[PDB]
Amino acid sequence: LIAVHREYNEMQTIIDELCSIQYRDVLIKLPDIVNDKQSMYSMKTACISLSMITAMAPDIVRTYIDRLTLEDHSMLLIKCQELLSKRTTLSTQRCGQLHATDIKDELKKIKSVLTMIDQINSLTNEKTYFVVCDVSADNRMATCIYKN
Amino acid sequence: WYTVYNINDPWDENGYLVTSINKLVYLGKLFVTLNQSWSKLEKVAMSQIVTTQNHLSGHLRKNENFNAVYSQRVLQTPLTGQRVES
């Protein structure tokens with residue numbers, strides 16, 4: 001998604017911040033991504049699903065952000081307020097806030113939003129090959145009960 | 001000369017449902033009000049015409065000229081509100 005945005009040295013300024021990650025006190029990084037079009041198909045379907053989440057998102061949900069900001073208050077919540085304050089590139093406010101028993105349509109829309117989220121997760125999610133049960137004290141050999 | 005008011009569209013407590021129900025109540029009341037007012041005025045006009053026919057006829061009854069008795073018969077023709085235009 002970012003290397004579509006064709007730049008010079010901004011690709012580097014993104015990559016050197018991005019690639020070195022830390023999980024369980026371990027630094028790993030993956031170099032030399034020539035950014036072929038094979039990732040572009042796997043990214044096009046994420047783009048499709050974000051468009052559909054937008055169009056089929058109900059009236060309860062975008063309201064739920066502002067309503068919980070008015071009801072509760074937290075620093076953690078603020079972080080999400082900071083994202084919604086940092087980007088306001090949609091600004092299309094809805095009209096009605098009555099919710100006058102549209103509840104089957106609401107169920108249908110929320111099922112659709114969850115299913116599009118499942119599609120993006122089915123992109124980003126890789127298949128579990130093994131399930132650990134018993135680990136040696138060396139953390140060198142471990143037993144699993146599952147083979148693809 | 002009657003005018004249907006309107007339901008203010010931006011504000012409403014519930015939506016399509018309660019504005020339809022309020023419209024149905026207001027329109028049923030307007031319908032029965034206009035029909036009762038019309039029937040009231042038509043019954044008034046017919047009562048006054050049938051009242052004045054008798055006071056006209058009793059005063060025209062006495063004389064015996066042909067123009068007199070022809071005026072008596074023309075003005076003693078019976079009337080309904082559906083016969084009044086002719």
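Regarding how it was determined, this PDB entry cites cryo-EM in its header, along with a resolution of 9 Å.

How should the packing of helix α1 (residues 16-60) of chain B against helix α2 (residues 66-75) of chain B be read in this particular structure?
Between two packed helices, the angle of one axis relative to the other and the distance separating the axes together describe the packing. All names here are of chain B. Following both chains from N to C, one finds α1 and α2 inclined at 165°, their axes separated by 10 Å at the closest point. Comparing the axis directions of α1 and α2 gives the class roughly antiparallel. Of the two elements, α1 crosses α2, and the hand of that crossing is left-handed. Taking contact as the criterion, the partners of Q53, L56, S57 and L60 in α1 are, on α2, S71, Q72 and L75. Split by residue class, the contact of α1 with α2 holds 3 nonpolar, 4 polar and no charged.

So what exactly am I meant to see when it comes to the side chain of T19 of chain B here?
Counting through the fold element by element, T19 of chain B comes out in helix α1. With relative accessibility at 18%, the residue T19 of chain B sits in the buried group.

Would you mind showing me how to read the packing of aromatic side chains here?
A ring pair, where both rings are aromatic, is described by two values, the distance of the centres and the angle of the planes. One pass over the structure, following the stated rule, counts 1 aromatic pair over all chains. Over the ring of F130 of chain A we find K147 of chain A, and its NZ or CZ is 5.1 Å from the ring centre.

Where do I start with the pattern of salt bridges in this structure?
As a working rule, side chains carrying opposite charge can pair if their charged atoms are close by. All names here are of chain A. According to the stated counting rule, one finds 2 salt bridges over all chains in the structure shown. Between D59 and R94 there is a salt bridge whose closest N-O contact spans 3.5 Å. Separated by 35 residues along the polypeptide, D59 in helix α3 (residues 59-71) and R94 in the loop between α4 (75-86) and α5 (103-124) bring together distant segments of the chain. A salt bridge links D138 to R140, with the nearest nitrogen and oxygen atoms 3.5 Å apart. Judged by its relative accessible area of 65%, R140 falls in the exposed class.

So what exactly am I meant to see when it comes to the environment of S47 of chain B here?
Residue and element names in this part refer to chain B. Topologically, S47 is positioned in helix α1. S47 sits 34 residues away from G81 along the chain, and the two C-alpha atoms are 10 Å apart. Side-chain polar atoms of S47 contact the backbone oxygen of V44, separated by 2.6 Å.

Any chance you could explain the nonpolar core here in plain terms?
Within soluble globular proteins, side chains that are nonpolar generally end up buried alongside one another. Residues and elements named next belong to chain A. Core analysis: the biggest nonpolar cluster contains 5 residues, these being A46, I53, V113, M116 and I120. Among the elements of the structure, α2 (38-55) and α5 are those that each provide at least two residues to this core. By residue number, the principal contributor to this core is α5, which donates 3 residues. Setting aside anything within four residues of it in sequence, one finds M116 in contact with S49, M52 and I53.

What counts and what doesn't
Residues numbered from 1 in each chain as written, not as in the entry; some residues may be left out. Chains lettered and ligands numbered in written order. Part of a larger assembly, values for the part shown. Heavy atoms only, no water. Axes fitted to C-alpha atoms, helices over the stretch in contact; angles between N-to-C directions. Helix = DSSP H or I, 4+ residues; strand = E, 2+ residues; numbered from the N terminus. Parallel < 35°, antiparallel > 145°, perpendicular 65-115°, else oblique. Left-handed = near helix turned anticlockwise from the far one by under 90°. Contact = heavy atoms within 4.5 Å. Nonpolar A, V, L, I, M, F, W, Y, C, P; charged D, E, K, R; others polar. Buried < 20%, exposed > 50% of the residue type's maximum accessible area, 1.4 Å probe, protein only. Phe/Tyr/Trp six-rings, centres within 6.5 Å; stacked < 30°, edge-to-face > 60°. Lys NZ or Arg CZ within 6 Å of the ring centre and 35° of its normal. Salt bridge = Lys/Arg side-chain N within 4 Å of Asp/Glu carboxyl O. Polar contact = N/O pair within 3.5 Å; in protein donor to acceptor, adjacent residues only side chain to side chain. Core = buried A, V, L, I, M, F, W, Y, C linked by side-chain atoms within 4.5 Å.

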